Q: 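Dropping a structure here in structure tokens format, bear with me for questions.
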Amino acid sequence: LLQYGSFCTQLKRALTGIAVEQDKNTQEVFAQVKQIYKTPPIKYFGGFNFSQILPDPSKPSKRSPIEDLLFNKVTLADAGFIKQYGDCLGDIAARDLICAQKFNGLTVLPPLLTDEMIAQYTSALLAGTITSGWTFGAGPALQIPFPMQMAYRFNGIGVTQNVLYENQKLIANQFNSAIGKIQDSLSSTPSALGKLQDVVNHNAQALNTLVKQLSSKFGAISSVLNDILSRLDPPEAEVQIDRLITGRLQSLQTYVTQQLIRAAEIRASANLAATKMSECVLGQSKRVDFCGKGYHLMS
Amino acid sequence: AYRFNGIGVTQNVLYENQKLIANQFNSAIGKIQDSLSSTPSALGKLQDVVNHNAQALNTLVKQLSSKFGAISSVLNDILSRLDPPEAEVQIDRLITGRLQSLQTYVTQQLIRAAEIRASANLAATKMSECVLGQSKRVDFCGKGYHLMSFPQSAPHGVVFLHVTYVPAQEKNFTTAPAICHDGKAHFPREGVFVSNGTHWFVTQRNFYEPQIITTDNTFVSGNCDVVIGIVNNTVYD
Amino acid sequence: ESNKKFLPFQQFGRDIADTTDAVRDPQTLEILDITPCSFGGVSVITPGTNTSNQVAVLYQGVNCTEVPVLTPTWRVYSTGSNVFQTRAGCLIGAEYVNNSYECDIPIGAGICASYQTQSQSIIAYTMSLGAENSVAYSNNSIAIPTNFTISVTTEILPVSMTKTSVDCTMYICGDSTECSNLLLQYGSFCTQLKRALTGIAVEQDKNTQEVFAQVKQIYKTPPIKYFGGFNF
Ligand SMILES: *[C@@H]1O[C@H](CO)[C@@H](O[C@@H]2O[C@H](CO)[C@@H](O)[C@H](O)[C@H]2NC(C)=O)[C@H](O)[C@H]1NC(C)=O
Ligand SMILES: *[C@@H]1O[C@H](CO)[C@@H](O[C@@H]2O[C@H](CO)[C@@H](O)[C@H](O)[C@H]2NC(C)=O)[C@H](O)[C@H]1NC(C)=O
Ligand SMILES: *[C@@H]1O[C@H](CO)[C@@H](O[C@@H]2O[C@H](CO)[C@@H](O)[C@H](O)[C@H]2NC(C)=O)[C@H](O)[C@H]1NC(C)=O
Ligand SMILES: *[C@@H]1O[C@H](CO)[C@@H](O[C@@H]2O[C@H](CO)[C@@H](O)[C@H](O)[C@H]2NC(C)=O)[C@H](O)[C@H]1NC(C)=O
Ligand SMILES: *[C@@H]1O[C@H](CO)[C@@H](O)[C@H](O)[C@H]1NC(C)=O
Ligand SMILES: *[C@@H]1O[C@H](CO)[C@@H](O)[C@H](O)[C@H]1NC(C)=O
Ligand SMILES: *[C@@H]1O[C@H](CO)[C@@H](O)[C@H](O)[C@H]1NC(C)=O
Ligand SMILES: *[C@@H]1O[C@H](CO)[C@@H](O)[C@H](O)[C@H]1NC(C)=O
Ligand SMILES: *[C@@H]1O[C@H](CO)[C@@H](O)[C@H](O)[C@H]1NC(C)=O
Ligand SMILES: *[C@@H]1O[C@H](CO)[C@@H](O)[C@H](O)[C@H]1NC(C)=O
């Protein structure tokens, strides 16, 4: 193989580029603000109830109930684990596909940002948008009572503020009911989180195909190098080894190309998500059907 | 003044602070050259394209020294050291290897071209929206309230200079949603009620400028029994 | 020793990748299982060579106990120097501290490394998300600014790249005729390559034209440059 060029340097470079791009995407999406705001201890906002989206201090990981349901709904499977070789050598007689992947030179790297840091970023964004409206997204944060912020947002869509000031309780009740229905709507439908499951399914399928490809003969007497080496003299052995080498190289090339295309698609999706975070959360958008159906109020 | 009215600030603010705004703009423009020159890694995106192209071409050239399983990597030596019928089988390996290298190079170039096209489309949209007009989209033409943009050309790229407005030196105040007077509720037209401790005024949101509460800048539209937190005072006519 | 329940007529065991992992000893009929011995990857963390020559070594995905200390001939200290365990594996040659700074060199799950004067040394820490803040929220209080600042920022965007062309015959066969004749019967791959390269070359110019040709009138500035005190 040493005399076939430098294809594998190119493969390593492409894989490293994709790995760096993933962390860049996450950092771009989830790091809009540089100040870690925290909610006031007393939770009274004119009748609006935010308990379903604020972090829960009772649980150890400090996640909102909706975040808990979202994390329980999706199966993660592959992740980074230290001493994973020890678990593989434990040999409980249940040889999973992960150990087979590891023993053939395929590894999975952990992300730079943990889940707790992302949860902290989300909590800071929520506290900022609750306590300051949209001022913290364009300079220093300026406090303002929540009903006055809602009156400003209603003026933003062409409705006078006395409409809000005379229907505060009904609007608060409607908002509370709409927030409450979200958990039931998410839990009842099992196919809601298809997009997030598709990524895991695609990665697992690609890795499994790459591992299974090692059993092909590609026109040789056998698919095992040791058997070929023991059953033949060398000069008849190079011609048998060459076919296997070429087949495995082709499989690696195909895998890398597919990974590159998927990475490009994921980058486009991440850019869209970052734009939506910038425009719908840190301010009020006048673009039609960009931040929901109807006249956008807040995200 | 038109651009300041576009972000919700009255034009008399500009007309009374023209010299200070001009000085601030001049200083901000002057700092740009020092900021660009001091940092050596600012123009990484433009250098990456050249580096990638040079690396790809160098790899393609260096790939010609591989044997790919033949006796030699030189066609003339193979032709001179062997009869033809033994020579086609040696030439075929080299041909296949070089073809594979060309295929890989072309595929990588296509992917890079797609990425560059996406970047160029984004740049064209930014040029259309931030330079030829004033944008209300948050964080699209800089950080803060966008005022105006200027374009510049660079090797294989464009550089946008965004000029924006940032508030500073905030102060605390006591506020109320409405004012009760003669059994009627009054709401501000454009602004918010503010109290310095003793008296009440109305001011615009993005700049402190108190004014006497009159019937000219308020409307009634309701009674004084529904609004929560109403405060009763006097309204001048 | 293997716990697999081999049938009396079975002599070998295979896996998904078609590799033998269970064997029966020819002399004593006992079932044994085979596992490859330890292996892994090594990463090197270093600042620029213009600064120092000290390095740190990260063994990836390996519990730092039963450390290999081998295929690599060079030996790290493996002792004396600080040894730390991260979710990415083991780190050797860097000291862990309580202080949190901005990330300099990424390592793994929330762990970064830096070169600090402390005697210069390499330290590892947990990255900091940002400075703490807490706005005073009240339901009858507001905050209003009293001054402003004019800010100028920059943004850089690539537009086009290099246009290249390749000749198949000269690259593959040079000036030889036998090689050209042999290549003539391999199809029309090179026509496709030429078409793709030409398409990319045209697309580059299209991108530049789309970006830089918004207006069709060539305006020029007046000779006298006075714009109310603004300096351009
Ligand atoms: C905000 O909503 C939550 C849940 O929607 C309320 O918590 C409920 O409180 C009642 C009475 O204390 C309990 O019987 C329920 O079991 C609680 N539900 C949950 C999920 O904890 C909370 O009381 C609401 N906020 C206010 C101020 O009433
Ligand atoms: C709040 O604003 C009112 C309105 O200007 C201030 O009242 C004035 O105070 C100055 C100096 O104290 C007097 O010269 C004026 O005659 C007052 N105006 C009126 C209509 O009486 C008041 O002092 C301000 N309070 C604070 C704490 O700043
Ligand atoms: C608003 O900010 C500007 C700039 O920070 C202030 O102008 C400065 O005023 C001080 C006080 O004399 C001068 O020493 C500086 O030279 C001024 N800066 C410039 C650029 O001219 C201005 O005073 C502030 N306004 C208020 C009401 O505080
Ligand atoms: C606009 O700015 C430029 C540079 O910032 C000014 O040019 C400077 O003028 C002074 C006095 O004539 C010279 O001492 C400097 O050497 C000049 N700098 C440069 C880079 O040429 C220019 O004067 C300013 N415009 C006005 C109308 O004052
Ligand atoms: C406004 O009040 C808060 C708390 O009451 C305080 O932290 C802040 O410094 C005050 N701002 C000014 C400008 O006095
Ligand atoms: C003015 O407001 C106070 C506080 O709400 C209230 O007690 C008082 O009755 C009001 N004045 C009149 C004339 O109703
Ligand atoms: C093979 O011979 C050895 C003696 O060296 C003996 O211990 C063993 O039981 C024999 N096994 C069989 C299957 O005959
Ligand atoms: C490393 O190995 C030891 C011994 O088996 C084990 O006790 C320890 O838990 C392992 N480290 C981790 C992080 O699990
Ligand atoms: C870091 O902080 C923890 C807090 O409990 C402390 O136990 C530990 O000793 C500190 N690190 C060092 C090196 O002292
Ligand atoms: C909100 O207003 C109510 C008036 O009913 C008051 O009792 C409460 O203290 C206010 N909240 C805060 C945080 O001061």
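First the proteins, then the strands, lettered A, B, ... as listed; each starts at 1. We count ligands from 1, going down the list as the structure has it; atoms in each ligand are counted the same way.
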Q: With the threshold set at 4.0 Å, does a side-chain nitrogen-carboxylate oxygen contact exist between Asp18(C) and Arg14(C)?
A: yes
Q: Heavy-atom distance from atom 2 (O) of ligand 4 to the protein below 4.0 Å?
A: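 At least one protein heavy atom is under 4.0 Å away.
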Q: Decide, yes or no, whether a salt bridge links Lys4(C) with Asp21(C) under the criterion of side-chain N to carboxylate O below 4.0 Å.
A: yes
Q: List the steps and the verdict of ring pair (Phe, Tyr, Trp, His ring centres under 6.0 Å) for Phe232(C) and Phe227(C).
A: CA-CA 9 Å; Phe232(C) 294 118; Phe227(C) 302 104; 5.7 Å; yes
Q: Considering both backbone and side-chain atoms of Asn172(B), is one of its nitrogen or oxygen atoms within less than 3.5 Å of a nitrogen or oxygen in ligand 5?
A: yes
Q: Any side-chain heavy-atom pair from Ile171(A) and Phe48(A) closer than 4.5 angstrom?
A: yes
Q: Protein non-hydrogen atoms only, distance under 4.0 Å: does atom 20 (C) of ligand 4 have such a neighbour?
A: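 No, because not a single protein heavy atom sits under 4.0 Å from atom 20 (C) of ligand 4.
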Q: If we ignore angles and hydrogens, is there a donor and acceptor under 3.5 Å between the side chains of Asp15(C) and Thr19(C)?
A: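 Yes, side-chain donor-acceptor contact under 3.5 Å.
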Q: With ring-ring contact (aromatic ring centres under 6.0 Å, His included) as the test, pick out the partner of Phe148(C) among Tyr208(B), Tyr165(B), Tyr145(B).
A: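 For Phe148(C), the ring-ring contact (aromatic ring centres under 6.0 Å, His included) test succeeds with only one of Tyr208(B), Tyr165(B), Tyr145(B), which is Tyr165(B).
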Q: Keeping the roles fixed (side chain from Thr175(B), backbone from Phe193(B)), state whether a donor-acceptor pair exists under 3.5 Å.
A: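 Such a contact is found between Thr175(B) side chain and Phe193(B) backbone.
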Q: Which atoms of ligand 5 sit under 4.0 Å from any heavy atom of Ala136(C)?
A: 4 (C)
Q: Does atom 25 (N) of ligand 4 have a protein non-hydrogen atom under 4.0 Å from it?
A: yes
Q: Name the closest protein heavy atom to atom 5 (O) of ligand 4, giving the residue it belongs to and the distance to 0.1 Å.
A: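 For atom 5 (O) of ligand 4, the nearest protein heavy atom is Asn231(C) ND2, 4.5 Å.
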Q: Judged by modelled atom types alone, do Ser151(C) and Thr164(B) share a side-chain donor-acceptor pair under 3.5 Å?
A: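 There is such a pair between these side chains.
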Q: Is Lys126(B) paired with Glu155(C) through a side-chain N to carboxylate O contact shorter than 4.0 Å?
A: yes
Q: For ligand 7, would you mind listing the residues that have at least one heavy atom less than 4.0 Å away, ordered by chain and number?
A: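 These residues qualify: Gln27(C).
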Q: So if I count the atoms of ligand 5 from 1 in the order they appear, which ones are less than 4.0 Å from some heavy atom of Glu170(B)?
A: 13 (C)
